[PDB]
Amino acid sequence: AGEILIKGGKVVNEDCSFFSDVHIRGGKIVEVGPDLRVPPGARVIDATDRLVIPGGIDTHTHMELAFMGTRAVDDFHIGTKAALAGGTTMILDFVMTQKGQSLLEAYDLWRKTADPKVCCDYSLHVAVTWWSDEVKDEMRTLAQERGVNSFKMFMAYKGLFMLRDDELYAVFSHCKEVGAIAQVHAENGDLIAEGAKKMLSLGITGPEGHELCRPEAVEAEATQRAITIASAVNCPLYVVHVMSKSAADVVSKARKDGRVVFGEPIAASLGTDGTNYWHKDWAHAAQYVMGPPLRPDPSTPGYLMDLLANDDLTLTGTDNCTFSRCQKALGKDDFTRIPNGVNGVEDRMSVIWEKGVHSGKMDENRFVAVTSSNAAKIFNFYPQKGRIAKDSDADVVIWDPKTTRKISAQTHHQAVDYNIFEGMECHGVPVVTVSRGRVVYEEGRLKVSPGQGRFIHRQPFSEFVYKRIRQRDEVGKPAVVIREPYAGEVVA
């Protein structure tokens, strides 16, 4: 039948927590209430002394993304298994279209790669790495027909993905017309390009040059710039992988000023820092290289977690894009050749619980909001996911917040052979993971097959995102002053 009763636990949604059992049938939660009856044949999962939470939604992944022909080692199959083992039940991955290439072709290639491999549900964001009439039409098709309401634009990567301010204005205006949210990689690509050339010329070829060539002012600048453009066109904006206190403070100030913008720190920037780039062991230092870089101010992850607790920042992903030690070593002599990307998909939930809830910065309900609910609201499938409620999808984690686990590359399920959180002791253990109403992870073992997950098709004009946008189109139009024509003389 696929019938499950989760009994004895405490349900934790983003608004409040309460003791209740949860009845799962046919992929769905069909009842939430105290002391529910066990129908003959249903499996009982005993959640006594545990929390029963919506499974995590990782807003930010890059499973098996190609770097110069060699692919990230966590692929859609191993990467989603690792997600489940860490309490995350959905991933949103970026379709990376090359400059001049069809976005629809790249979307089809992502679906054909991911559909037969994912072990949990997923969806896609689509990168807009160039601009033309064709891109414009393909974005409308993606939004209206292909289930994608999120487009990602780059202010970094000069010559490769970067768009200039005039093209960002056009692309953002078009996001707004099709009801999508505009995501941005906010670092100044002209400064990165110059900074890297400068560090190499000085013989700083190691990972410390990767951070030194683009310190946090470069990320803060472009973040304010994207906000200013999106505000000029009334387009909702999403700043992916916020890595620094000063970029987080730009998003914080803009939201207090009423800008429709959301900021997304990732597990890496919440759980570790960039002092690792200065480690004497080259291999250790290269493990942390990603764009934008982790920051060498050690107060950074605690401050980003304070701003996530306070809703200056709103939700979390991992930017999981993993490369083995032998793949990182492509840039042993030149940091610009190190394939960028770190791990996180598996450890996100425990890292945030340990650094955010156990530390007393946020409570269990805000934890659910920043790890599933807000993702579901922004990308338009709430309360289908991100809530324990009748009629929601049965993507459910039984969570032990009292026991600790030590995070280690020796025990993790990711394909990558190191872990940037190596050694960390976290309160908060996913003990059972249910995905699409099936037990896919329990007693430390995965039970799931490649292709069991499904692509989630979303509609455009997410209400959480657009209700203010649409009201501002109605009352915020600029008005002419009514005047008599100017009568006087004009110079020759």
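The numbering used is simple: start at 1 and walk along the sequence shown.
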Once average C-alpha B-factors are taken from the entry for 437-445 and 66-74, the winner is 66-74
Residue range whose averaged C-alpha B-factor is higher in the record, 112-120 or 260-268 | 112-120
Most elevated Cα B-factor in the entry, residues 395, 364, 216, 333 = 333
Listed options 179, 86, 159, 341: highest C-alpha B factor recorded at 159
Rank-wise, by C-alpha B-factor, drop residue 104 into the lowest, middle or highest third of its chain.
-> highest
Third assignment of residue 232 from its chain's C-alpha B-factors = lowest
Looking at the entry's B-factor column for C-alpha atoms only, identify whether residue 295 ranks in the lowest, middle or highest third of its chain.
-> middle
Would you mind ranking residue 90 by its C-alpha B-factor against the rest of the chain and naming the third, lowest, middle or highest?
-> lowest
Lowest, middle or highest third - CA B-factor, residue 225 | lowest
